[PDB]
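Asker: model this:
(chains A and B)
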Amino acid sequence: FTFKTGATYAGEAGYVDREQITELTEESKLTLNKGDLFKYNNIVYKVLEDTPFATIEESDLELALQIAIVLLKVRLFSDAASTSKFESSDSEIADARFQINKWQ
Amino acid sequence: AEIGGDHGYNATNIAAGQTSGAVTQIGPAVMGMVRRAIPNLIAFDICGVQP
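Answerer: Numbering: from 1, shown residues only, chains lettered A, B, ... in the order given. Find the structure here:
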């Protein structure tokens, strides 16, 4: 559902872009640098300070990521697409899907 | 890019409204009821009555 996620698929985030973006894993959290995007729980983030998760001692990743946002190591990458993204005639434009189920 | 789908054509799905697509219809509308015809009497002229 849109309202549960907290992630934005239309913008500089995109959807097919979320393929080339590398999730947080215990191995990958070490290799992040300044400007590197990463998605966790399909919420893409952007790294403000290189080698984030250097001072963050939380082994649990969900909460470590959550205390990076407050320490401004990595921000949330919900961000609006610069206009040049949709004009290239190769454009991944976010899809909006619904489902209608009945409870009978 | 969203699919409307079809019922499986299984008479079980079509009556519940199950659909492979995005939408499950309320149900199978109604086209009306088909009763069975009331067969005819031969009346009673064939045999004397005398109520």
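
Asker: ok, and the closest non-adjacent residue to the closest residue to chain B within chain A?
Answerer: In chain A, the residue that lies nearest chain B is residue A:100 (4.5 Å; CB to the nearest CB). Placement of C-beta: from N, CA and C, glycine included. Nearest residue to residue A:100 in three dimensions, chain neighbours excluded: residue B:23, at 4.5 Å (CB to CB, 6 or more residues apart in numbering or on different chains).

Asker: so that neighbour sits against residue B:4, correct?
Answerer: Yes. Residue B:23 lies in contact with residue B:4 (CB atoms under 8 Å); the separation is 6.4 Å.

Asker: so between these two, which is more surrounded?
Answerer: More neighbours surround residue B:23 than the other of residue B:23 and residue B:4, with 15 against 9 (other CB atoms under 10 Å in any protein chain shown).

Asker: residue contacts, residue A:40?
Answerer: Residue A:40 makes contact with A:23, A:24, A:61, A:62, A:65 under the criterion CB atoms under 8 Å, 6 or more residues apart in numbering or on different chains.

Asker: buried subset of these?
Answerer: Neighbour counting with 16 or more other CB atoms under 10 Å in any protein chain shown marks A:24, A:61, A:65 as buried within the contacts of residue A:40.

Asker: spatially central residue (nearest the centroid) of the chain, please.
Answerer: Defaulting to chain A. Nearest residue to the geometric centre of chain A (CA atoms, centre = their mean): residue A:44, 0.2 Å.

Asker: that's the other chain; I wanted chain B
Answerer: residue B:33 (5.7 Å).

Asker: name the secondary structure element that contains the residue nearest to the centre of chain A.
Answerer: Using DSSP states H and E, residue A:44 falls within strand A:43-47.

Asker: so what does the next helix or strand after that strand touch, helix or strand wise?
Answerer: Later in the chain than strand A:43-47, the nearest helix or strand by DSSP H and E is helix A:61-70. The contact analysis (3 or more CB pairs under 8 Å, 6 or more residues apart in numbering or on different chains; DSSP states H and E) places helix A:61-70 against strand A:37-40, strand A:74-76.

Asker: secondary structure element holding the nearest residue to residue A:43 once chain neighbours are set aside?
Answerer: Distances taken as CB to CB, 6+ apart place residue A:7 nearest to residue A:43, at 4.2 Å, with adjacent residues excluded. For residue A:7, there is no host helix or strand (DSSP H and E).

Asker: my read: residue A:7 touches residue A:77, true?
Answerer: No. Counting by CB under 8 Å, residue A:7 stays clear of residue A:77, with 9.1 Å between them.
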